[PDB]
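Computed over heavy atoms, backbone and side chain alike; hydrogens, waters and symmetry mates excluded. Residues take their numbers from the sequence shown, with the count starting at 1.
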Amino acid sequence: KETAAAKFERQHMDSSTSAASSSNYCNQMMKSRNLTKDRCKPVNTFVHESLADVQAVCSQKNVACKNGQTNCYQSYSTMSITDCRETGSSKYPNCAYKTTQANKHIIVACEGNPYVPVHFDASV
């Protein structure tokens with residue numbers, strides 16, 4: 001089945017764009033990445049940077065994740081990100097999101113060898 005690293009790339013990476021270009025970016029991406037297939041995933045963040053730059057966060061500043069695990073890392077640099085959050089109108093299967101652009105540090109949890117992101121914890 002899909003690996004945790006691969007799920008991370010499918011859920012959170014968008015190296016193909018530098019930012020969200022319209023209010024419909026979230027609607028579009030939540031659906032095309034299959035995050036609305038079984039239910040409407042409530043919130044999601046997309047990272048508009050190279051995969052290698054995101055992977056590299058795994059060797060940046062350690063910080064405990066929200067849930068207390070000690071394998072979270074905060075990026076040294078801010079990154080172009082898009083935050084997606086359901087609209088009051090969102091109703092499965094018609095999942096609907098508000099797209100918000102931001103430039104923030106990301107916090108990810110990493111695992112494996114290679115040691116790579118497997119969970120998006122927060123933008124700060």
Side-chain angles (χ1 to χ4, degrees):
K1 73 187 172 36
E2 179 186 40
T3 65
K7 188 185 178 187
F8 174 90
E9 294 190 39
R10 180 171 62 81
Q11 300 195 317
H12 300 298
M13 294 298 307
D14 192 3
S15 304
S16 87
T17 65
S18 53
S21 65
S22 71
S23 64
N24 283 317
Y25 175 92
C26 291
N27 289 333
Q28 291 147 22
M29 295 293 290
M30 292 297 289
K31 182 187 181 187
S32 68
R33 292 288 184 86
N34 303 135
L35 310 185
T36 63
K37 254 218 93 160
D38 295 333
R39 61 188 194 99
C40 309
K41 182 177 172 179
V43 300
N44 197 63
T45 302
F46 290 95
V47 182
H48 302 276
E49 307 288 345
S50 80
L51 177 58
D53 280 355
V54 174
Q55 284 162 336
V57 174
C58 292
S59 57
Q60 294 178 20
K61 190 190 183 23
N62 180 246
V63 68
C65 316
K66 292 169 175 173
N67 81 333
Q69 291 178 200
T70 57
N71 65 318
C72 274
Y73 300 89
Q74 181 175 303
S75 61
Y76 288 150
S77 291
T78 69
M79 294 182 175
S80 173
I81 58 173
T82 293
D83 174 88
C84 302
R85 261 158 215 308
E86 283 179 294
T87 257
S89 285
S90 188
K91 192 186 205 251
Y92 186 83
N94 301 308
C95 298
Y97 298 92
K98 167 71 158 179
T99 304
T100 302
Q101 326 191 89
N103 283 84
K104 303 218 268 211
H105 297 91
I106 67 162
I107 298 181
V108 300
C110 302
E111 303 177 355
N113 163 249
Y115 196 51
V116 292
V118 294
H119 161 77
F120 189 93
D121 202 53
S123 59
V124 303

(request) Output yes when a side-chain donor or acceptor of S80 lies under 3.5 Å from a complementary backbone atom of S18, and no otherwise. (result) yes
(request) Determine the minimum heavy-atom distance between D14 and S16, stating which atoms define it. (result) OD1-OG, 2.8 Å
(message) Can a donor-acceptor pair be found, under 3.5 Å and without considering hydrogens, that links the side chain of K66 to the backbone of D121?
(response) yes
(request) Taking all heavy atoms of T82 and all of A20, pick out the closest pair and write down the distance. (result) OG1-CB, 3.4 Å
(message) According to a hydrophobic-cluster definition based on side-chain heavy atoms being under 4.5 Å apart (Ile, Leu, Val, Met, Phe, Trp, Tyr only), do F120 and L51 belong together?
(response) yes
(message) Let me confirm one number: the CZ-OG1 distance from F8 to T3, rounded to the nearest 0.5 Å.
(response) 12.0 Å
(request) In sequence, state the C-alpha distance, the side-chain angles, and the governing distance for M30 and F46, and then conclude on side chain to side chain contact (heavy atoms under 4.5 Å, CB included). (result) CA-CA 10 Å; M30 292 297 289; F46 290 95; 3.9 Å; yes
(request) Check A56 against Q60 and note the closest heavy-atom contact, atom names and distance. (result) O-NE2, 3.3 Å
(request) Supply the atom-to-atom distance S89 OG to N94 CG, rounded to the nearest 0.5 angstrom. (result) 10.5 Å
(message) Check whether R33 reaches the backbone of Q11 with its side chain - one donor and one acceptor, N or O, closer than 3.5 Å.
(response) no
(message) Contact between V54 and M79 at the side-chain level, heavy atoms closer than 4.5 Å - yes or no?
(response) yes
(request) Can you tell me which residue pairs pass the side chain to side chain donor-acceptor pair (under 3.5 Å) test with a partner in residues 97-114, sequence neighbours excluded? (result) none
(request) Locate the shortest heavy-atom distance separating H12 from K41; write the atom from each residue and the value. (result) CE1-NZ, 3.9 Å
(request) Examine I107 and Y76 and state if one hydrophobic cluster contains both, with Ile, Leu, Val, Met, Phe, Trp and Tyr joined whenever side-chain heavy atoms are less than 4.5 Å apart. (result) no
(message) Count I, L, V, M, F, W, Y as connected when their side-chain heavy atoms are under 4.5 Å apart, and connections chain through other members. Are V57 and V118 then in the same cluster?
(response) no
(message) Walk me through whether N71 and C65 qualify under side chain to side chain contact (heavy atoms under 4.5 Å, CB included).
(response) CA-CA 7 Å; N71 65 318; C65 316; 4.0 Å; yes
(request) Step by step, work out the side chain to side chain contact (heavy atoms under 4.5 Å, CB included) result for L35 and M29. (result) CA-CA 8 Å; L35 310 185; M29 295 293 290; over 6 Å; no
(message) Going by side chain to side chain contact (heavy atoms under 4.5 Å, CB included), name the residues that satisfy it together with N62, two or more places apart in sequence or in a different chain.
(response) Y73
(message) Going by side chain to side chain contact (heavy atoms under 4.5 Å, CB included), name the residues that satisfy it together with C58, two or more places apart in sequence or in a different chain.
(response) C110, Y115, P117
(message) Would you compute the distance between atom NZ of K31 and atom SG of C40 and round it to the nearest 0.5 angstrom?
(response) 12.5 Å
(request) Find the distance between CE (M13) and OG (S50) and round it off to the nearest 0.5 Å. (result) 6.5 Å
(request) List the atom of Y25, the atom of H48, and the distance in Å for their closest heavy-atom pair. (result) OH-CE1, 3.3 Å
(request) Please report the shortest heavy-atom distance between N27 and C95, naming the atom on each side. (result) OD1-O, 4.2 Å
